[PDB]
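Shown here: data-v7.cif, mmCIF, C-alpha atoms.
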data_model
#
loop_
_atom_site.label_atom_id
_atom_site.label_comp_id
_atom_site.auth_asym_id
_atom_site.auth_seq_id
_atom_site.Cartn_x
_atom_site.Cartn_y
_atom_site.Cartn_z
CA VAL A 729 -40.11 104.51 -17.58
CA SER A 730 -37.10 102.22 -17.98
CA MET A 731 -33.77 102.96 -19.67
CA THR A 732 -31.58 100.29 -21.24
CA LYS A 733 -29.52 98.97 -18.33
CA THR A 734 -25.86 99.34 -19.32
CA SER A 735 -22.97 98.06 -17.18
CA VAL A 736 -19.53 99.20 -18.34
CA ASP A 737 -16.38 97.40 -17.23
CA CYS A 738 -14.04 100.36 -16.75
CA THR A 739 -11.30 97.85 -15.86
CA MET A 740 -11.25 96.26 -19.33
CA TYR A 741 -12.72 99.26 -21.15
CA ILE A 742 -9.79 101.37 -19.94
CA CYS A 743 -7.15 98.61 -19.87
CA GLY A 744 -7.97 95.64 -22.08
CA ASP A 745 -5.85 92.62 -21.15
CA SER A 746 -2.97 94.83 -19.94
CA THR A 747 -1.25 94.48 -16.57
CA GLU A 748 0.89 97.63 -16.60
CA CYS A 749 -2.16 99.60 -17.75
CA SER A 750 -4.13 98.03 -14.90
CA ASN A 751 -1.47 99.16 -12.42
CA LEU A 752 -1.59 102.67 -13.89
CA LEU A 753 -5.38 102.65 -13.51
CA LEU A 754 -5.03 101.56 -9.88
CA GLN A 755 -2.60 104.45 -9.34
CA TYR A 756 -5.58 106.75 -10.01
CA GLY A 757 -7.31 105.17 -7.02
CA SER A 758 -10.91 103.99 -7.08
CA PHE A 759 -12.24 106.05 -10.02
CA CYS A 760 -13.04 102.80 -11.82
CA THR A 761 -14.85 101.71 -8.65
CA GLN A 762 -16.94 104.89 -8.52
CA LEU A 763 -17.85 104.40 -12.18
CA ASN A 764 -18.85 100.77 -11.59
CA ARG A 765 -20.96 101.55 -8.52
CA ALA A 766 -22.63 104.48 -10.29
CA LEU A 767 -23.64 102.24 -13.19
CA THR A 768 -24.86 99.52 -10.82
CA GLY A 769 -26.92 102.25 -9.18
CA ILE A 770 -28.43 103.39 -12.48
CA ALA A 771 -29.38 99.75 -13.04
CA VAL A 772 -30.89 99.14 -9.59
CA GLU A 773 -33.02 102.29 -9.41
CA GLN A 774 -34.08 101.72 -13.02
CA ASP A 775 -35.34 98.28 -12.00
CA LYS A 776 -37.00 99.88 -8.97
CA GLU B 583 -6.95 84.43 -46.17
CA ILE B 584 -9.61 86.52 -44.44
CA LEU B 585 -9.88 85.92 -40.69
CA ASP B 586 -12.14 87.50 -38.07
CA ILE B 587 -10.93 88.71 -34.67
CA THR B 588 -13.32 88.62 -31.70
CA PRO B 589 -12.25 90.08 -28.32
CA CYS B 590 -12.44 87.63 -25.44
CA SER B 591 -14.00 88.06 -21.97
CA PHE B 592 -17.67 87.78 -22.88
CA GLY B 593 -19.94 89.26 -20.23
CA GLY B 594 -19.28 89.59 -16.53
CA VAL B 595 -19.75 87.66 -13.30
CA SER B 596 -22.30 88.11 -10.51
CA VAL B 597 -22.68 86.46 -7.10
CA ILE B 598 -25.95 85.26 -5.57
CA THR B 599 -25.62 84.74 -1.82
CA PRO B 600 -28.10 84.72 1.09
CA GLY B 601 -27.63 86.64 4.32
CA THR B 602 -24.31 86.12 6.07
CA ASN B 603 -26.19 84.66 9.05
CA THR B 604 -28.26 82.38 6.76
CA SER B 605 -25.82 80.16 4.86
CA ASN B 606 -22.46 80.02 3.10
CA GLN B 607 -23.86 78.56 -0.13
CA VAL B 608 -23.56 80.75 -3.23
CA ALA B 609 -24.70 80.72 -6.85
CA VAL B 610 -22.74 82.36 -9.66
CA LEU B 611 -24.15 84.13 -12.73
CA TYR B 612 -22.36 84.82 -16.03
CA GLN B 613 -24.15 87.63 -17.85
CA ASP B 614 -25.09 87.42 -21.56
CA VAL B 615 -23.05 84.25 -22.10
CA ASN B 616 -23.97 80.60 -22.52
CA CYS B 617 -22.73 77.91 -20.15
CA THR B 618 -19.33 77.02 -21.62
CA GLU B 619 -16.75 76.57 -18.86
CA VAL B 620 -18.88 75.35 -15.93
#
Structure translated into structure tokens:
Amino acid sequence: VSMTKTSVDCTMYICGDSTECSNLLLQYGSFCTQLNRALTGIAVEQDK
Amino acid sequence: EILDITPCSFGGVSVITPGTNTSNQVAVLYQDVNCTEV
């Protein structure tokens, strides 16, 4: 029925405490944002 | 001597807010972490 709700911080997962790495991640656009919203989805419809 | 290393940034942060037309008051939530900074 329910799956273990997992939220993954692609900002720190990809770039842990790095500013230049964070800028490089931002250069890719919003991919981190799509990942975050997809996981928040998984969580919300799992709760539903 | 043997020392342990633990990465920082425990958990995340969430925002609890009512409707924009209701009020400006907010409540913050720190996931899977005890109240340390406050």
Once the PyMOL selection byres ((chain B) within 10 of (chain A)) has been evaluated on this model, what residues remain selected, and can you format them as a list in words?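 Expected selection for the PyMOL selection byres ((chain B) within 10 of (chain A)) here is residues 589, 590, 591, 593 and 594 of chain B.
Coordinates place CA of residue 767 (chain A) at a distance of 13.8 Å from CA of residue 741 (chain A).
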Sphere at (-24.4, 82.6, -16.7), radius 12 Å, counting all atoms listed in the file: residues as number ranges by chain: B: 592-598, 609-620
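CA of residue 733 (chain A) lies 20.4 Å from CA of residue 759 (chain A).
Between CA of residue 730 (chain A) and CA of residue 742 (chain A) the separation is 27.4 Å.
Residue neighbourhood of residue 762 (chain A), excluding near-sequence residues (fewer than 6 positions): residues 736, 737, 738, 739, 756, 768 and 769 of chain A, at 12 Å, using all atoms listed in the file.
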Around (-30.8, 102.6, -16.5) in the file's frame, which residues reach within 6 Å when counting only C-alpha atoms? Return as a ChimeraX atom specification? /A:731-733,770-771,774
